[PDB]
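Undergrad: How does the following fold in three dimensions:
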Amino acid sequence: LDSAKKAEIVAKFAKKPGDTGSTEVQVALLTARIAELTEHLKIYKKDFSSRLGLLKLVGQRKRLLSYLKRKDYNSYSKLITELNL
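TA: Numbers count the residues shown, from 1 in each chain. Below is the structure in question.
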């Protein structure tokens, strides 16, 4: 939110001249703010999980656990118990 968008939201959600502060305006403003903060967290996770290989690792373990089920199910079930998986 720059100053201009903030000001567009107000002009939109207003119900009379001077409405910088109806329930509707505030809600619209909080929504814009909450949205921008939320896409921050979304894109951080996206580019931390990617940059540091979390999805790589998880998919790696997926395949190994799958092959472990299949090659030795007993050990497999013992293992996911000991790791709280």
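Undergrad: Now the residue lying farthest from the centre of the chain: phi and psi?
TA: Here the chain reaches farthest from its C-alpha mean at residue 17, the gap being 37.7 Å by Cα atoms, centre = their mean. Main-chain torsions, residue 17, degrees, to the nearest 10: phi -60, psi 120.
Undergrad: so how far is residue 27 from it?
TA: 20 Å (Cβ to Cβ, to the nearest Å). Yep, even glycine has a C-beta here, placed from its N, CA and C like the rest.
Undergrad: and what of residue 38?
TA: Distance, residue 38 to residue 27, using Cβ to Cβ: 16 Å.
Undergrad: next one: residue 2
TA: 20 Å.
Undergrad: Neighbour count: these two, which is higher?
TA: residue 27 (11 against 7; other Cβ atoms under 10 Å).
Undergrad: show me the contacts for that one.
TA: Applying Cβ atoms under 8 Å, 6 or more residues apart in numbering to residue 27 gives the contacts residue 13.
Undergrad: ok, and it, which helix or strand is that part of?
TA: Here residue 27 sits within helix 23-49, counting by DSSP states H and E.
Undergrad: Could you list the buried residues of that helix?
TA: Neighbour-count burial for helix 23-49 flags 25, 28-29 (criterion: 16 or more other Cβ atoms under 10 Å).
Undergrad: how does the protein divide into domains?
TA: The chain resolves into domains spanning 1-52, 53-85 when parsed by curated CATH domains.
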